[PDB]
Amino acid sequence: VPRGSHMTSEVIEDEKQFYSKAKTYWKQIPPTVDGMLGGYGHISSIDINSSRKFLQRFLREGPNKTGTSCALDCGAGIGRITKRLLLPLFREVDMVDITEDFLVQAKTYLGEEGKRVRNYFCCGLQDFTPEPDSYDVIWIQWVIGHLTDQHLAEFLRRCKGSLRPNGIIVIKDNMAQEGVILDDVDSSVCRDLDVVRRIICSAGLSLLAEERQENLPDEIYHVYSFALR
């Protein structure tokens, strides 16, 4: 028995139940910002404002700027990120999420600007293929812990094929201090920085930027953003 675990196969007893329990968990969550953020709705603006600053460097600076035609919000829920981060920056946004009721609520939550959400894909990321040469930005936030290592590596590889020229993938998510930790309540994992780095490398992706989110509640996991292509 090792000092700690470092991959999902060490903490997930039954992959089918890992996914089915997670789907059941999200079906029971209110379709609200505080539901998306597990009781942390009060820090949504802190999150979004840092994400905007992080992303704007790729859209506004450099000789090979990331485009603003189309973004994909992965694990989008009701569209908290689509509303305040993506729709103001991209002409069109697509959303993908496993929970249909969140995509339904999105149509109300997003309001008039939600008319620029094109596709509402109801699908688990582990079964989702983003269209080749389709997105300038693929935003993956607070959902990677719901995929096994093999599914996450393969999903990221499919995302890479989906990027337009100069496009990027952004992962923004919880990072454990060490190892891989199972949350048996929502049926998710939290991985350390080295594990995530290994998975990113295995998908064929290169790291463009890495940033720890400042100003978050003291008691929560650290949150990191990775820009990849």
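Note that residue numbering follows the sequence shown and begins at 1.
In this crystal structure, the stretch out of 143-151 and 67-75 whose C-alpha atoms carry the higher mean B factor is 67-75. The mean Cα B-factor in the deposited entry runs higher for 100-108 than for the other of 121-129 and 100-108. When the C-alpha B-factors of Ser9, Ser206, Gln17, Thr24 are read from the PDB record, the largest value belongs to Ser206. Taking only the listed residues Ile29, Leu182, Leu59, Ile199, the entry reports the highest CA temperature factor at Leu59. Among all modelled residues in this chain, the alpha-carbon of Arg84 has a temperature factor (C-alpha) in the middle third. In the deposited entry, the Cα temperature factor of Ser51 places it in the middle third of its chain's modelled residues. For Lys172, the recorded CA temperature factor ranks within the lowest third of the chain's modelled residues. Sort the modelled residues of the chain by CA B factor and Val223 lands in the lowest third. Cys190: CA B factor lies in the lowest third for its chain, per the PDB record.
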